[PDB]
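The next block holds one structure in the form of structure tokens; read it before the comments.
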Amino acid sequence: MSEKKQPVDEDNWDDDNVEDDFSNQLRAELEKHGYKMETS
Amino acid sequence: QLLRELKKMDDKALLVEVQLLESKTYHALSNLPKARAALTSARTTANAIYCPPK
Amino acid sequence: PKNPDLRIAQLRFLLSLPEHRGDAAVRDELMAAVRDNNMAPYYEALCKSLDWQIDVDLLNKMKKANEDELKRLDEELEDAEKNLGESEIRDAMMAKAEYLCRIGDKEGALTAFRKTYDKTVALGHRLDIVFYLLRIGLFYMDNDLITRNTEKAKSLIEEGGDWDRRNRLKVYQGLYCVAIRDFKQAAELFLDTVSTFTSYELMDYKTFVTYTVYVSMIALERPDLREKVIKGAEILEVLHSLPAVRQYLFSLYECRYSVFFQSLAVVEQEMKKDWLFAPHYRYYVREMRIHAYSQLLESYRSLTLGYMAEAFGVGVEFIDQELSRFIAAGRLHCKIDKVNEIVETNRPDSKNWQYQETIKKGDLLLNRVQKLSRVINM
């Protein structure tokens with residue numbers, strides 16, 4: 001349906017919220033977290 | 001391997017002589033329904049003969 | 001017929017992500033390639049693995065053995081019609097052609113199944129063919145084959161109270177959902193923990209118990225949780241041989257907070273090298289974290305994170321930014337605070353949102369009724 005302007009113009013995908021939350025935040029998810037308890 | 005050999009032979013008590021031990025180990029692993037099953041087999045086994053004394 | 005082949009799928013996953021060993025793909029993959037007449041498991045791994053030093057000749061002898069099997073099949077197709085019986089062509093080639101499916105992934109499958117499906121005198125004759133699709137649908141994560149054969153099993157294989165290979169259907173759907181994004185289907189359909197006792201997906205029955213606990217720690221409310229994985233004595237043995245699993249369970253019911261990260265680290269490192277868990281291994285972390293934090297917020301309204309710090313071991317700024325991200329997720333409402341530093345919880349969802357949900361339906365719901373009352377007079 002040509003609306004007179006617009007003709008001119010769950011695999012891995014629900015997780016995308018968690019992943020874009022976790023892009024540069026806890027990128028390993030455990031490999032610091034399992035090793036936090038001996039930092040202090 | 002015990003149950004394949006005893007329930008055809010003559011000693012009905014030798015079944016439950018190890019099935020009561022199975023009721024021990026299934027109470028020990030907490031298989032409560034199978035412990036109930038072994039106790040029922042023991043009760044229907046002991047309705048024939050007096051047993052090794054205790 | 002399928003246990004080392006599902007182990008080949010385990011090896012597909014096992015040399016999918018890591019490269020810490022570049023010679024498992026010769027060790028137990030050539031040990032797989034010499035059994036089961038595994039031809040395609042090296043013919044497709046011939047490119048993604050190494051140069052395969054000279055791996056044609058020791059495989060020439062086995063593709064020649066396959067040629068022997070195939071040529072006695074090609075004689076058998078007219079040797080069985082001379083046998084004056086019913087469908088002995090179909091029998092005598094369906095046997096070795098399901099074996100061709102065991103050899104080759106799709107070719108023996110396609111050349112077999114569209115002939116040996118032609119008469120269906122039993123739903124086993126359908127469902128073994130369905131199984132021989134389900135093996136390759138686990139090997140190659142298909143969708144069309146290994147949901148439409150389940151549609152066919154949900155066409156006529158409802159009949160017959162045989163219950164073994166009808167619970168297999170439940171197990172395969174549980175595996176298929178937990179193979180993608182499952183919350184509840186694997187818990188509901190792995191209810192049948194004890195009552196399976198032998199399969200090929202049961203190549204380790206105790207790992208099936210790991211599967212049902214790794215989904216029933218998510219999809220299961222705490223009364224249901226104690227009723228299933230505590231008041232289940234029949235599952236108590238196979239969780240009882242697994243220490244850290246049972247540790248995480250009885251601690252998670254016990255609210256033993258400082259071992260939660262230990263046990264979660266155990267389960268997460270197990271999550272690394274186990275297949276059908278690549279869409280899951282990062283989601284599961286925050287999932288079980290916020291799942292414990294549910295009753296951790298149910299605990300108090302008067303709460304500091306120093307108490308949380310010596311409840312966890314290190315969480316001060318870690319859990320500050322972490323619970324900040326959980327609030328940013330929308331769930332877990334509490335006011336974490338600067339120096340006053342009182343983590344204050346709320347009251348449940350009665351107040352006005354219980355009032356509000358009805359018209360939150362009747363915004364778009366009633367837009368539906370508005371515009372579809374505007375359907376009548378153009």
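To be explicit about the labels: the chains of the structure tokens are called A, B, and onward in the order shown, and within each one the residues are counted from 1, while ligands get numbers from 1 in the order they are shown.
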Problem set entry | Residues of chain C within 12 Å of chain A, only C-alpha atoms counted, as a VMD selection string | chain C and resid 141 to 143 176 to 182 258 to 272 276 to 287 289 309 to 319 321 to 322 324 to 326 328 to 330
For this session: Give me the residues within 10 Å of residue 50 in chain C as an NGL selection string, counting only C-alpha atoms and dropping any in the same chain fewer than 2 places off.
Result: :C and (22-23 or 25-26 or 45-48 or 52-53)
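Taking CA of residue 22 in chain B as the reference point, CA of residue 204 in chain C is found at 24.0 Å.
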Write out as CSV a residue-level contact list of chain B versus chain C with cut-off 8 Å: for each qualifying residue the closest pair of atoms and the distance in Å to one decimal, counting only C-alpha atoms, rows sorted by chain and residue number upward.
```
residue,atom,partner,partner_atom,distance
B:29,CA,C:237,CA,5.8
B:30,CA,C:233,CA,5.7
B:31,CA,C:234,CA,5.5
B:32,CA,C:233,CA,6.5
B:33,CA,C:234,CA,7.8
```
Those selected residues, please, written with C-alpha atoms and delivered as a compact mmCIF listing (two decimals), in the first residue's frame.
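Below you can see again-v4.txt, which holds the result:
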```txt
# COMPACT_ATOMS: atom_id res chain seq x y z
CA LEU B 29 19.77 -42.51 49.94
CA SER B 30 16.20 -41.44 50.87
CA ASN B 31 14.25 -43.36 48.25
CA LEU B 32 11.17 -43.28 50.47
CA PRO B 33 8.69 -44.84 47.96
```
For this session: Compile the contact shell of residue 58 in chain C as a ChimeraX atom specification: residues with an atom at most 12 Å away, counting only C-alpha atoms, same-chain residues fewer than 6 positions apart removed.
Result: /C:30,33-34,39,52,64-65
For this session: For residue 128 in chain C, work out the shell of residues within 12 Å, counting only C-alpha atoms and skipping chain neighbours fewer than 2 positions away, then give it as a PyMOL selection string.
Result: chain C and resi 1+94-95+98-99+101+109+113+116-117+120+122-126+130-135+149-150+153+157+165+168-169
Written selection (N, CA, C and O atoms) as an mmCIF file, in the first residue's frame:
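Here's the written file again_28.cif:
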```
data_model
loop_
_atom_site.group_PDB
_atom_site.id
_atom_site.type_symbol
_atom_site.label_atom_id
_atom_site.label_comp_id
_atom_site.auth_asym_id
_atom_site.auth_seq_id
_atom_site.Cartn_x
_atom_site.Cartn_y
_atom_site.Cartn_z
ATOM 1 N N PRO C 1 22.673 -46.597 19.303
ATOM 2 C CA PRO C 1 23.063 -46.206 17.944
ATOM 3 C C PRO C 1 23.475 -44.747 17.865
ATOM 4 O O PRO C 1 24.036 -44.306 16.862
ATOM 5 N N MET C 94 15.010 -50.432 4.796
ATOM 6 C CA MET C 94 14.813 -49.453 5.855
ATOM 7 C C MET C 94 15.786 -49.710 6.987
ATOM 8 O O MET C 94 16.272 -48.760 7.603
ATOM 9 N N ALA C 95 16.135 -50.981 7.219
ATOM 10 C CA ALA C 95 17.132 -51.327 8.229
ATOM 11 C C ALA C 95 18.492 -50.693 7.938
ATOM 12 O O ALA C 95 18.967 -49.809 8.670
ATOM 13 N N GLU C 98 18.204 -46.621 7.545
ATOM 14 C CA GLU C 98 18.404 -45.974 8.831
ATOM 15 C C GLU C 98 19.851 -46.096 9.274
ATOM 16 O O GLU C 98 20.393 -45.181 9.907
ATOM 17 N N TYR C 99 20.511 -47.202 8.921
ATOM 18 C CA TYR C 99 21.951 -47.249 9.133
ATOM 19 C C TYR C 99 22.703 -46.282 8.219
ATOM 20 O O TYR C 99 23.751 -45.775 8.609
ATOM 21 N N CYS C 101 21.489 -43.374 7.439
ATOM 22 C CA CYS C 101 21.300 -42.174 8.248
ATOM 23 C C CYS C 101 22.283 -42.119 9.410
ATOM 24 O O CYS C 101 22.732 -41.036 9.799
ATOM 25 N N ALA C 109 19.221 -40.195 5.031
ATOM 26 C CA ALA C 109 17.954 -39.709 5.563
ATOM 27 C C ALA C 109 16.935 -39.456 4.457
ATOM 28 O O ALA C 109 15.826 -40.000 4.480
ATOM 29 N N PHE C 113 13.819 -42.096 4.105
ATOM 30 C CA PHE C 113 12.677 -41.842 4.963
ATOM 31 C C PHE C 113 11.423 -41.623 4.137
ATOM 32 O O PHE C 113 10.329 -42.038 4.529
ATOM 33 N N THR C 116 10.468 -45.335 3.442
ATOM 34 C CA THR C 116 10.025 -46.116 4.583
ATOM 35 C C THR C 116 9.000 -45.389 5.443
ATOM 36 O O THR C 116 8.642 -45.890 6.512
ATOM 37 N N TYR C 117 8.512 -44.233 5.011
ATOM 38 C CA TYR C 117 7.357 -43.623 5.636
ATOM 39 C C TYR C 117 6.079 -43.942 4.876
ATOM 40 O O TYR C 117 4.985 -43.636 5.363
ATOM 41 N N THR C 120 2.700 -46.912 7.163
ATOM 42 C CA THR C 120 2.883 -46.724 8.597
ATOM 43 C C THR C 120 1.990 -47.734 9.304
ATOM 44 O O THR C 120 0.822 -47.449 9.591
ATOM 45 N N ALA C 122 2.828 -48.903 12.279
ATOM 46 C CA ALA C 122 2.885 -48.506 13.673
ATOM 47 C C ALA C 122 3.517 -47.130 13.752
ATOM 48 O O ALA C 122 4.276 -46.724 12.869
ATOM 49 N N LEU C 123 3.195 -46.419 14.829
ATOM 50 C CA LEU C 123 3.794 -45.122 15.098
ATOM 51 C C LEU C 123 5.247 -45.221 15.531
ATOM 52 O O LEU C 123 5.925 -44.195 15.590
ATOM 53 N N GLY C 124 5.736 -46.421 15.842
ATOM 54 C CA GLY C 124 7.168 -46.612 15.930
ATOM 55 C C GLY C 124 7.846 -46.480 14.583
ATOM 56 O O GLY C 124 8.957 -45.957 14.499
ATOM 57 N N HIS C 125 7.184 -46.930 13.515
ATOM 58 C CA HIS C 125 7.747 -46.792 12.176
ATOM 59 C C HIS C 125 7.806 -45.337 11.746
ATOM 60 O O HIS C 125 8.682 -44.957 10.964
ATOM 61 N N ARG C 126 6.895 -44.512 12.246
ATOM 62 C CA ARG C 126 7.060 -43.077 12.077
ATOM 63 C C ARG C 126 8.146 -42.552 12.998
ATOM 64 O O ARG C 126 9.017 -41.790 12.575
ATOM 65 N N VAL C 130 11.451 -40.251 12.951
ATOM 66 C CA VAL C 130 11.455 -38.968 13.642
ATOM 67 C C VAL C 130 12.688 -38.840 14.531
ATOM 68 O O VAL C 130 13.333 -37.790 14.555
ATOM 69 N N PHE C 131 13.078 -39.928 15.206
ATOM 70 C CA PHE C 131 14.290 -39.940 16.027
ATOM 71 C C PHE C 131 15.531 -39.737 15.180
ATOM 72 O O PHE C 131 16.493 -39.083 15.602
ATOM 73 N N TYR C 132 15.543 -40.335 14.001
ATOM 74 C CA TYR C 132 16.674 -40.220 13.102
ATOM 75 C C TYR C 132 16.707 -38.875 12.394
ATOM 76 O O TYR C 132 17.713 -38.549 11.757
ATOM 77 N N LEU C 133 15.622 -38.103 12.479
ATOM 78 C CA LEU C 133 15.725 -36.663 12.268
ATOM 79 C C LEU C 133 16.164 -35.922 13.520
ATOM 80 O O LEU C 133 16.847 -34.911 13.410
ATOM 81 N N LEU C 134 15.767 -36.376 14.705
ATOM 82 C CA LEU C 134 16.076 -35.624 15.920
ATOM 83 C C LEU C 134 17.554 -35.682 16.263
ATOM 84 O O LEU C 134 18.098 -34.721 16.828
ATOM 85 N N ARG C 135 18.217 -36.773 15.883
ATOM 86 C CA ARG C 135 19.657 -36.870 16.077
ATOM 87 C C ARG C 135 20.392 -35.822 15.238
ATOM 88 O O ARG C 135 21.195 -35.046 15.772
ATOM 89 N N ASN C 149 8.877 -32.741 12.366
ATOM 90 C CA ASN C 149 8.711 -34.126 12.789
ATOM 91 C C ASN C 149 8.005 -34.206 14.136
ATOM 92 O O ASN C 149 7.282 -35.167 14.401
ATOM 93 N N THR C 150 8.205 -33.202 14.994
ATOM 94 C CA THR C 150 7.437 -33.127 16.228
ATOM 95 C C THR C 150 5.998 -32.749 15.960
ATOM 96 O O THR C 150 5.116 -33.156 16.713
ATOM 97 N N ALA C 153 4.669 -36.028 15.048
ATOM 98 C CA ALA C 153 4.454 -36.795 16.263
ATOM 99 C C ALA C 153 3.260 -36.261 17.033
ATOM 100 O O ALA C 153 2.582 -37.013 17.739
ATOM 101 N N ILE C 157 0.832 -39.670 16.706
ATOM 102 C CA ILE C 157 1.574 -40.479 17.665
ATOM 103 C C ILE C 157 1.063 -40.108 19.062
ATOM 104 O O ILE C 157 1.678 -40.408 20.092
ATOM 105 N N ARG C 165 8.237 -43.478 24.487
ATOM 106 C CA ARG C 165 8.486 -42.623 23.351
ATOM 107 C C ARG C 165 7.396 -41.610 23.141
ATOM 108 O O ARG C 165 7.378 -40.940 22.110
ATOM 109 N N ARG C 168 9.501 -39.207 25.472
ATOM 110 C CA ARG C 168 10.623 -38.752 24.666
ATOM 111 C C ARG C 168 10.280 -37.458 23.956
ATOM 112 O O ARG C 168 11.080 -36.528 23.988
ATOM 113 N N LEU C 169 9.054 -37.359 23.417
ATOM 114 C CA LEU C 169 8.535 -36.128 22.815
ATOM 115 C C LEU C 169 8.590 -34.950 23.777
ATOM 116 O O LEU C 169 9.026 -33.853 23.403
#
```
For this session: Excluding residue 102 in chain C and any residue of its chain fewer than 5 positions from it, enumerate the residues within 9 Å of it, using only C-alpha atoms, and give them as number ranges by chain.
Result: C: 1-2, 5, 36-38, 97, 108-109, 132
Exercise. At what distance in Å, to one decimal, does CA of residue 63 in chain C lie from CA of residue 41 in chain C?
Worked result: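 That distance, rounded to one decimal, is 12.7 Å.
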For this session: Determine which residues of chain B receive a DSSP assignment of helix (DSSP H, G or I), computed from the backbone, and state them as an MDAnalysis selection string.
Result: chainID B and resid 3:6 12:28 32:45
Exercise. So how many Å separate CA of residue 327 in chain C and CA of residue 290 in chain C, to one decimal?
Worked result: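 Taking CA of residue 327 in chain C as the start and CA of residue 290 in chain C as the end point, the length is 10.3 Å.
Those residues that approach residue 9 in chain C to within 8 Å, counting only C-alpha atoms, are residues 5, 6, 12, 13, 138 and 139 of chain C; same-chain residues fewer than 3 positions away are not listed.
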